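Okay, here we've got a single chain as structure tokens, the form deposited in one PDB entry, with questions on binding and movement later.
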């Protein structure tokens, strides 16, 4: 195709030695379990037995494969699972050769490779080993804490029969003191804490003045002798009474608690510039390679293609959405905005007034600025003021306020939403020279009033693009969809989300949401779209889009479905020259990496991994549209999002519905991006 340069890149992967003739013929084992596992427990049981055997062994089909000879294995024993007891016996059955060309057998080989890496790393010193991560050096150290530097690794087997090493530098934050000693250093309370005696964590709420030897526990025991009776005080001291929270406040001891340290609990930048991350990636790869007898690492190369530069349009061409404030909007209607001040002051700050007037003047659209002379503490009278403002044509409200606590922020926003009013919060004190902050607030306000601040100018295969995501922080989730309608993406819409149990969006929900976007397109363009681009956040669960694809096909609407994965893309580095944006790296059929955003100061970019799950549009064209769609987001004035706009929008939508609840959205217009 017509690319803007064919270049070569390094992946953080490394080619290593071919598997030797022993490794290609692992020892096979038949598994006998007594009692036989239930349907639910069979695979975890086989895996558990594989772990229990020792050496380097994994599950292979209904049986086992090992790179250790059975004479150093534990072939018989006893398992506990979910409160049961299984006797296991392993019967050696010789060795069967595995073909790397065959993806199943290659999968078994790769499981073995990973196990190999685990085991050989565990036998090392002196390095901190955690799973597939290795922390070698000490990056930083403070009173009672330290940050280790190392790398997260993976090891698998290519179809040519060789080892492949993945490496990505990582840091790990360690506390080495008890909650007692920790607070005994002047350090303030950690938000989260772990038991000293096992892995369970709690949310630390406050300290108590109570006596542990006198605090009754449900059941008769006191705190102190409860923990004593379990042998937890055998080797340490009780300390004070910490009140932690249930996953209902719960008593605990400061002597039996270890803070879990985050960045909030601690000048330490843990993001690396891409040159340094590349360099360390190599260092650690060669190190691993030499320590494990896996050969000299060969960095793998891939053909990359530079995508065309996106042309962002306001009233005229812009390089960033914030420019639409000086130049004018892509499409500006007659608008009314209202002001709500919670800081006891009066009227619109003059520079905000001037900026808004300037933008709308450049757009040639009229602007009315209202003021809410009411306050949330008035109760229902406040709601009546909101209603009246809505009746007078106010589309969204700017809230000037001191920083609000999360719950108050949520309550106020939800309340305004119930009167059909999206809100943009802007914190005071606010100086005129804090330009990025209040210009971004204004862009938020405007998208929330339903204006199109920018659009795309290019030509794309799909004239409707819709993103699907699931969100919410509870036992249930909201599945939702957002969309850009028209080839220019000159209309951004959300749809009413749906509650669901998990990550999978029900097939009927997927289709009903999609149909809503089709209908939005119909309302805008007076016709059905020729082709639609379906974007799924993360993986597509099996058959999730089946009904939707069937429905689209019945209507004669073409489609492409792309899984968009925010991790698993690894790292990409330039072979020569500077690292740039808009990088398309085709890996295998229907799969490719896309480097959508990057700034040097911002650390090392994490390229997206994309899978073309259905449709016949060429990979380059999809890469082109998704990359350009990344530039459509209106509410970020100075930095484009990594995700294409429909997904970024969908993510924010289901996040906000998760926070506020869906019950507030009935009177909010779907063109008003209330969640940005």
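Residue numbers count along the first chain shown, from 1. Here, rigid core means the biggest group of C-alpha atoms that superpose within 1.5 Å across both forms.
There is another form of the same protein, the form deposited in another entry; it is not shown, and what comes next is about it.
Taking the core as reference between this form and the one not shown, the lone member of 106, 306, 331, 531 whose Cα moves by 2 Å or more is 106. Shown in the overlay between this form and the one not shown, fitted on the rigid core, is a CA shift at residue 139 of 2 Å or greater.
Fitting the two forms on the rigid core leaves the C-alpha of residue 179 displaced by at least 2 angstroms between this form and the one not shown. A movement of the C-alpha atom of residue 395 falling short of 2 angstroms is seen between this form and the one not shown when the two forms are aligned on their rigid core.
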